[PDB]
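In what follows, a structure is listed as structure tokens, so that the remarks can point back to it.
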Amino acid sequence: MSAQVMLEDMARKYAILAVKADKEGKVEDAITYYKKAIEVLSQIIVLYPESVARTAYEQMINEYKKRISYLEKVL
């Protein structure tokens, strides 16, 4: 209907929220929203492990994990 697109939309919304909170310096909100984005993107990989967009989701996760590592340092 499809489950993949709805989940992508969830992950995108959370990333948008994370980036916004990141810019505003609300470090705590950004961390939690980045983790939500990772959570959702990892669910898509679990459900669609051979999706053509699997390396895309994997790059987004890596990027947000990198972002989280930084934001821990400054809270």
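The analysis underlying the following values was restricted to heavy atoms, covering all of them including side chains, and did not include hydrogens, waters or symmetry mates. Here, residue 1 is the first one in the sequence, and each next residue gets the next number.
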Hydrophobic cluster identity match, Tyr70 and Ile68, side-chain contacts under 4.5 Å
yes
Looking at every non-hydrogen atom in both residues, tell me the closest pair between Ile45 and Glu58 and how far apart they are.
CD1-CG, 3.9 Å
Sequence neighbours left out, what passes side chain to side chain donor-acceptor pair (under 3.5 Å) with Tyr34? Give chain and number order.
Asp22
For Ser42, the side chain to side chain donor-acceptor pair (under 3.5 Å) test, sequence neighbours excluded, returns none
Whether over 12 other heavy atoms sit under 6.0 Å from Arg54 CZ
yes
Minimum side-chain heavy-atom gap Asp9-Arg12 below 4.5 Å:
yes
Using 0.5 Å steps for rounding, measure from the OG1 atom of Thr55 to the CE atom of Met60.
13.5 Å
Can you confirm whether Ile61 sits close enough to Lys65 that some side-chain heavy atom of one is under 4.5 Å from a side-chain heavy atom of the other?
yes
Nearest heavy-atom neighbours spanning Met1 and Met6
O-CE, 4.2 Å
Closest non-hydrogen atom pair between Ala15 and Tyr64, with its separation:
CB-OH, 3.2 Å
Non-hydrogen atoms of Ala18 and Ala30 that approach each other most closely
O-CB, 3.6 Å
Atom pair CG (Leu41) and CE (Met10), whose distance is rounded to the nearest 0.5 Å:
10.0 Å
Partners passing side chain to side chain donor-acceptor pair (under 3.5 Å) against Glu50 (at least two apart in sequence or in another chain):
none
Identify the heavy atoms of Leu7 and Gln43 that sit nearest to each other, and give their distance.
CD2-OE1, 4.3 Å
Determine whether a donor-acceptor pair (N or O, by modelled atom type, separation under 3.5 Å) exists between the side chain of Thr32 and the backbone of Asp29.
yes
OH of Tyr57: more than 12 outside heavy atoms within 6.0 angstrom?
yes
Quick check: closest heavy atoms across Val27 and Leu71, and the distance to 0.1 Å?
CG1-O, 3.2 Å
Determine whether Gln4 and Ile44 make a side-chain contact, defined as any pair of heavy atoms from C-beta on separated by less than 4.5 Å.
yes
